Amino acid sequence: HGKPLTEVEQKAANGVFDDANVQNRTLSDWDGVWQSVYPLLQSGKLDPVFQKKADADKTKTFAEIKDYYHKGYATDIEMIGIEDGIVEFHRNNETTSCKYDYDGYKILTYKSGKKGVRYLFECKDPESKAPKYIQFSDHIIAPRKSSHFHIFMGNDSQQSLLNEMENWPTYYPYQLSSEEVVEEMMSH
Ligand SMILES: [Zn+2]
């Protein structure tokens, strides 16, 4: 399940790192078949996660937490498959795909002061119907296989996506059982 993170990596994941620490990554870091976690939230299976967080965070109610993740996870792209430079999106019973080109990364500084890195990709295949712009965010700032990721998709501009803060379709390995998904969110 991937090597334990170093102190640096753990800090980075927690939004603490300096620009010089950030490095470029390849689309292969996200290779695999991924499932959207939105269904688990709609089914109530993620409730134990929000229950735990609410008991731990006296300033947040269960509803506030679940609502945060509700806005965050919402999506109709149930599955995402990534292989050999091609990202494919499954919305309902229809698929779109593009051989995305890497456009680099962007380091964002959040209103709370914490930081995070977005890895940008762009679709330049005119026949494609997939999103023109996409961004991966997974609490990682240097080459390493992702364990789960948040993806931003759009057709206007990369800046537009950088402006997004509430919706972020989240994906975990398709092979991962639902019980393991809950464990990972609660255990980290
Ligand atoms: Zn995350």
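Analysis parameters
Residues numbered from 1 in each chain as written, not as in the entry; some residues may be left out. Heavy atoms only, no water. UniProt positions renumbered as here; feature names shortened; annotations may be inferred. Pairing = 2+ DSSP bridges. Helix = DSSP H or I, 4+ residues; strand = E, 2+ residues; numbered from the N terminus. Axes fitted to C-alpha atoms, helices over the stretch in contact; angles between N-to-C directions. Donors = N, O, S within 2.8 Å, 3.2 Å for Na, K, Ca; no water. Buried < 20%, exposed > 50% of the residue type's maximum accessible area, 1.4 Å probe, protein only.

- For this coordinate set, the PDB header names X-ray crystallography as the determination method and states a resolution of 1.7 Å.

- Looking up the protein chain in the PDB entry gives the name Metal-binding protein yodA, with the organism given as Escherichia coli.
- Within the Protein Data Bank, this record goes by the title "Crystal structure of metal-binding protein yodA from E. coli, Pfam DUF149".
- Entered under Sequence similarities in the UniProt record, the comment concerning the protein chain runs "Belongs to the calycin superfamily. ZinT family."

1. Comments concerning the sheet that holds strand β1 (residues 32-36)
Working step 1: Spatially, β4-β3-β2-β1-β9-β8-β7-β6-β5 is the arrangement adopted by the nine strands of the open sheet, whose pairing is antiparallel. Edge positions in the sheet fall to β4 (94-98) and β5 (101-109), since each of these pairs with one other strand and no more. Neighbour-to-neighbour, the strand axes of this sheet turn through a mean angle of 25°, independent of strand direction.

2. Observations regarding the coordination of the zinc ion
Working step 1: At this site the zinc ion is bound by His139 (NE2), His148 (NE2) and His150 (NE2), with donor distances of 1.9 to 2.4 Å.
Working step 2: Sequence spacing of the donors to the zinc ion: H-x8-H-x1-H.
Working step 3: Judged by relative accessible area, which is 40%, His139 ranks as partly exposed.
Working step 4: For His148, a relative accessible area of 15% corresponds to the buried category.

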